[PDB]
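1. Opening with a subset of the complex:
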Amino acid sequence: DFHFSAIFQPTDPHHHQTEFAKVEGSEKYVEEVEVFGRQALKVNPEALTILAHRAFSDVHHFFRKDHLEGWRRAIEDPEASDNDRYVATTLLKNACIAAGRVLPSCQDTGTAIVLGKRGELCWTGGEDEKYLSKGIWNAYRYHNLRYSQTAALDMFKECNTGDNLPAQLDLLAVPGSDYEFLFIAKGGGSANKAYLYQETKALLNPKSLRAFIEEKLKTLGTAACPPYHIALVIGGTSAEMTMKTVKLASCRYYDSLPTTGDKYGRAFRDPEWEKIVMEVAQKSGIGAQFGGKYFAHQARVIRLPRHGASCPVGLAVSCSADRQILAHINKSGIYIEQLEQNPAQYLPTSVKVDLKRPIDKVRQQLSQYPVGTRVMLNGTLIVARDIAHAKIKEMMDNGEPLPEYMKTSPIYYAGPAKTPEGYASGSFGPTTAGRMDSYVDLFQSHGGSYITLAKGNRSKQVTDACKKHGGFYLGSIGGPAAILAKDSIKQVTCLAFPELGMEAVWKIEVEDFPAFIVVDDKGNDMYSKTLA
């Protein structure tokens, strides 16, 4: 009467559909043995250091075919908007710079996430987390990446860990004698777009579910650098199980799941509703960041079993920095997923803005154009993001003035990766503007931050502030951190708060920096029609 049925039953559990390359001479780190009648694998734990180092190096310079195919699709589709094509060409060009293995594809080299599946008869000595972390530590310390992890000394006092540790190390116990891995370099921006909804049976009908999807996709906006790999999970045995599934779905880790359910509650991919998600994404008009058709590369929809009283729902994306890498260790050595090393094969109206003027002259010029105008910035930018804004607001709350460097130049929300030797700058693309939304009106009423430069749609309070104070929000393309570093950024200098690491205040000299006018000084928002 009892029948065991696993929730997840992929037809390709070992990811044979993926191409792997064996690390040279890595068979010296493994040995096949037979203990108590069973085949087992002795693994030198140094193999985990080697594997994690190479994984978190390669993943910042190369992409999977399905990601690159999406960018070419946006360029070649006659139905794509001009802005769709412009963004996809920029991102593909950026991937070509990153393939040089010097500049990472994004300044946000992400949180290191390891999903490991150690077989019952795979023996490493048991110090897997330490040895994996050292390999991650090696990748971020000795390559031109970024230290993005923020340690809490108490509830509110924070510091950068200086090495991109700690990693998220999810090590699972599974049958057999191999060691299987999924490594993810997960950007903070795309991580912030992982959403959990507590729903009910009233959602579970075609009309309600479609309306739900139309409503929730808009809340993703453009803040996580679309085109998106959109993942949606309906159901789950718990919120954390739902959120883990939607993360893995976004990495296309569950692509070989069955496509039908059964009376035992197994998970399944729903291709009909993936098609509906894609239809909503295209008809939304949100586009590849600035209006059009290519809001999404592709969609994954996974239906999960549920408690009768529960319906958790997960929504997540993978961003332009689509960075995951499969790997395994077996009796033959260390195998790591082979990424596309020649992205160039996938490649088939502007207003010059002189910033080397008083900020009021720059504001006047910007006032002459409507939202949606593409501009090219030439001059000095002051760079500040989350913590700097918080420190500055605190200074003003204690009677101190708004710093002079918040009034001379447009404010670029960004945090750079490390500078390669002999380079003007490391990868240096924008960060999400919405996170600074609560400082705009305050700073503008005190005579600064009249012009901001970042990526993503912003809230109505920012539109109101720019109209009230004669301000502007310029949207940079999100994602192309390397080509911006290589072509646009000529000089980088730390201005204030050097203890903050990448979150210090910087002053940079730029040339031909592309941006769109998203919010003008008149109440207009380039996203007001597609993200209403």
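-> Happy to help now that I have it. Numbers count the residues shown, from 1 in each chain, chains lettered A, B, ... in the order given.
2. burial measure for residue A:141, as a count.
-> 15 (other Cβ atoms under 10 Å). Yep, even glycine has a C-beta here, placed from its N, CA and C like the rest.
3. Just give the closest residue to it, not the sequence neighbours.
-> Once flanking residues are discounted, residue A:141 sits nearest to residue A:163: 6.1 Å by Cβ to Cβ, 6 or more residues apart in numbering.
4. Please report the number of neighbouring residues for the one you found.
-> If we define neighbours as other Cβ under 10 Å, then residue A:163 has 14 of them.
5. that's a helix at it, yeah?
-> No: counting by DSSP: H, G, I helix; E, B strand; the rest coil, one finds residue A:163 to be coil, located in no helix.
6. dump the residue contacts of it.
-> Residue A:163 sits next to A:137, A:140-141, A:147, A:149 when contact means Cβ atoms under 8 Å, 6 or more residues apart in numbering.
7. For the residues you listed, please prepare JSON lines with the additional fields distance to residue A:449.
-> Formatted as JSON lines, those follow (distance: Cβ to Cβ, whole Å):
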{"residue": "A:137", "distance to residue A:449": "37"}
{"residue": "A:140", "distance to residue A:449": "32"}
{"residue": "A:141", "distance to residue A:449": "35"}
{"residue": "A:147", "distance to residue A:449": "26"}
{"residue": "A:149", "distance to residue A:449": "27"}
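8. Mind checking which of the residues you listed are buried?
-> Among the contacts of residue A:163, those buried by neighbour count (16 or more other Cβ atoms under 10 Å) are A:137, A:140, A:147, A:149.
9. What about residue A:367, how many residues nearby?
-> Quick note: residue A:367 (other Cβ under 10 Å) scores 13 neighbours.
10. next one: residue A:38
-> 11.
11. ok, now residue A:350?
-> Residues near residue A:350, counting by other Cβ under 10 Å: 11.
12. quick one: it and residue A:376 touch, right?
-> Yes: judged on Cβ atoms under 8 Å, residue A:350 makes contact with residue A:376 at a distance of 5.0 Å.
13. List the buried residues of stretch A:51-68.
-> Result for stretch A:51-68 [16+ other Cβ under 10 Å]: buried residues A:51-64, A:67-68.
14. So what sits opposite residue A:112 in the bridge?
-> Taking DSSP bridges as the rule, residue A:112 bridges to residue A:185.
15. So it versus residue A:254, what's the distance?
-> Distance from residue A:112 to residue A:254, counting by Cβ to Cβ, to the nearest Å: 21 Å.
16. If you count surrounding residues, which of the two has more?
-> It is residue A:112, of residue A:112 and residue A:254, that has more neighbours when counted by other Cβ under 10 Å, with 28 against 20.
17. all helices for the stretch 351-500 of chain A, in order.
-> Taking DSSP state H, counting those that start in this stretch as the criterion, the stretch 351-500 of chain A carries its helices at A:359-366, A:386-397, A:437-445, A:460-469, A:481-483.
18. got CSV for these, with mean neighbour count too?
-> CSV is the format used below for the helices of the stretch 351-500 of chain A (neighbours: other Cβ atoms under 10 Å):
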stretch, mean neighbour count
helix A:359-366, 16
helix A:386-397, 17
helix A:437-445, 20
helix A:460-469, 18
helix A:481-483, 29
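19. Any idea which of those gets closest to residue A:13?
-> helix A:481-483 (35.1 Å; Cβ to Cβ).
20. can you add chain B next? sequence is:
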Amino acid sequence: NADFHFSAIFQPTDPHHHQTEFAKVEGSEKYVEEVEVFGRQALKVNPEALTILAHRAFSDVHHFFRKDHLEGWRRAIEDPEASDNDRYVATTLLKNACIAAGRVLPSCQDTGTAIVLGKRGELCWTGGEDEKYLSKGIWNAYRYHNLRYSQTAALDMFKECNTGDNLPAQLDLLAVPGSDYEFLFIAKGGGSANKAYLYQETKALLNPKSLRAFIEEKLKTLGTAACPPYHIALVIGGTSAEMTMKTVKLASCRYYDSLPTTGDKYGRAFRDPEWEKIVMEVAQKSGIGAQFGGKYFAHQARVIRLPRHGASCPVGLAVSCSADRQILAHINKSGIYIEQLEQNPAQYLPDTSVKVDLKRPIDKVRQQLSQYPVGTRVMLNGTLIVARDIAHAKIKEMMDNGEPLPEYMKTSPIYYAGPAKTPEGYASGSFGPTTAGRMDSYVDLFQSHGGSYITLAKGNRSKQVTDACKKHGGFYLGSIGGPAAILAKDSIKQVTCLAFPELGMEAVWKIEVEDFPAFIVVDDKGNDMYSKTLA
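-> Below, chain B sits with the chains from the block before:
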């Protein structure tokens, strides 16, 4: 390459939970054998041990509680600052635990989703079929005890059926050092699981003024729908949304109680007792109380601060409910050990109502209820029609296809509930209320067709229900949430399946009750018992 220093995110001082009392399963040392391979100590474990362990865990956990849960109910009774309703609810739950301690009726009708957190040592060898053997033990517990099958299978996106055995379970088996097998078993109720919330916040939250205002705002959204007093867990930060939500779940089980209380430059997690005190103050000063106004919104609080990506600040909020059900266990060279729960809950008990006859026309019951303000405690005697999520959806679907609202929705108040299995020789199994909010979208519709004028469930409801009851002369009665066993033993005299038997526990039932306690939460006049504390 020596600047490197590994720091585990979680560094409990009591990783093996030595502070917890364990009992050895008698003769269970016959399932393990110590061996030596390549100079290293390893433990051979017969997988039958995982069936035995999971079966025992998911049986005991439905009849007994931990001391810190029971002490909270006693605190609510003995605190001079506790409201009268606080004391009434806590006494009811304690009396309910005494019935559950009889090992026949489970403490709650929602015997939950079976969740296993397992940590298998590298040299702990089970044969590798841990999931199957664990699931068989879970299957044994729910099949052979008076529990409930609560799991819903999706045949397609929208076609659903009950799995009939409370499987699948959630099985999270981790690879860890050593040769032992350590476990946390959780029987997680659906209602409290629904009150696990994820917020995507920013650095602008990370100051005392913003964080306190955030906690005040978010705690109210928990409401009374997950049967408080709550164990409230709050996690600030995390390396990912799923890691944040996993942590807040574990915090609510007090699994992270021995974490350090200070951070360091390496980003380790820590418990923050100062902000735990702040959560308790917000909870107590909220006036929400133990379901019906007062001080005891929360038993206790856990606040864990996590590291974060500079651009990120995920926040998790979750509760453990009155059916606070978790059990620790481990397997080692000595056998199977399982956490010892409190078997005499009665030692925690220390040493004005309107009678409503339901055996009348529903319009006369509405008239009587109209005489009283919200907050009036009533005592129900008569027939209830029982229907929840799927039945309500099926009935609305029928009306959308031109069929009338069924007559059995108009004759009697509607009790939102789904019973556990009936013990032999009992009138009914555990049979407490379901969260009312989930049916909010049907009330106005059903009332416009002459039914669902009186509903009986637990939890605060949305404004549309208040409007509907005012427009249609309706009432919402809040039962005490949680005391499913004492309701079954003392109040429910007859249970009969009326319609949709294929839905299992979600069928439409007709039950006869006596002395069923409830509060008037929404009257027919626009008044809501929760309008001041949950505004």
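21. Please reconsider the neighbour count of residue A:38 now that chain B is part of the model.
-> 14 (other Cβ atoms under 10 Å in any protein chain shown).
22. which residue packs closest to it, ignoring adjacent ones?
-> Sequence neighbours aside, residue A:121 is the residue nearest to residue A:38 in space, at 5.9 Å (criterion: Cβ to Cβ, 6 or more residues apart in numbering or on different chains).
23. Same question for the lengthiest helix in chain A: list its buried residues.
-> Taking DSSP state H as the criterion, chain A has its longest helix at helix A:82-98. Under the neighbour-count criterion of 16 or more other Cβ atoms under 10 Å in any protein chain shown, helix A:82-98 has A:83-98 buried.
24. for that helix, packing partners?
-> helix A:65-76, helix A:481-483 (3 or more Cβ pairs under 8 Å, 6 or more residues apart in numbering or on different chains; DSSP states H and E).
25. Kindly calculate the angle that it makes with helix A:65-76.
-> If you take axes from the mean of the first three to the mean of the last three Cα atoms, to 10 degrees, helix A:82-98 sits at 140 degrees to helix A:65-76.
26. and which of the buried residues of helix A:82-98 is nearest residue A:296?
-> residue A:84 (11.6 Å).
27. from memory that closest one sits against residue A:286, does it?
-> No: under the criterion of Cβ under 8 Å, residue A:84 is not in contact with residue A:286, lying 10.4 Å apart.
28. distance between stretch A:38-54 and the chain's centre?
-> 29 Å (Cα atoms, centre = their mean, to the nearest Å).
29. for it, how far is the first residue from the last?
-> End-to-end distance for stretch A:38-54, by Cα to Cα, to the nearest Å: 31 Å.
30. can you pull the buried residues of it?
-> Under 16+ other Cβ under 10 Å, the buried positions of stretch A:38-54 are A:40-45, A:47-54.
31. In helices only, show me those residues.
-> Among the buried residues of stretch A:38-54, the members falling in helices (DSSP H) are A:47-54.
32. out of those, who's nearest chain B?
-> Among those, residue A:49 lies closest to chain B (Cβ to the nearest Cβ), at 10.1 Å.
33. so what secondary structure elements neighbour the lengthiest strand in chain A?
-> If you go by DSSP state E, chain A has its longest strand at strand A:505-519. With contacts defined as 3+ Cβ pairs under 8 Å, 6+ apart, strand A:505-519 has these neighbours: strand A:374-383, helix A:460-469, strand A:472-475, strand A:489-496.
34. And these: which comes nearest chain B?
-> Here helix A:460-469 is closest among those (Cβ to the nearest Cβ), at 12.7 Å.
35. With just CA atoms, put the closest one into CSV.
-> C-alpha atoms of helix A:460-469 as CSV (Å, rounded to 0.1, in the frame of the first residue of the first chain):
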residue,chain,number,x,y,z
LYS,A,460,6.8,57.8,-7.7
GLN,A,461,8.5,59.7,-4.9
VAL,A,462,11.6,60.1,-7.0
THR,A,463,9.5,61.4,-10.0
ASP,A,464,7.8,63.9,-7.6
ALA,A,465,11.2,65.0,-6.2
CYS,A,466,12.7,65.6,-9.7
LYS,A,467,9.7,67.6,-10.7
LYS,A,468,9.7,69.6,-7.4
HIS,A,469,13.5,70.3,-7.5
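36. before we move on, back to that, I'd like to know which of the helices and strands packed on helix A:82-98 lies nearest to residue A:405.
-> Here helix A:481-483 is closest among these (Cβ to Cβ), at 22.8 Å.
37. Much appreciated, bye for now.
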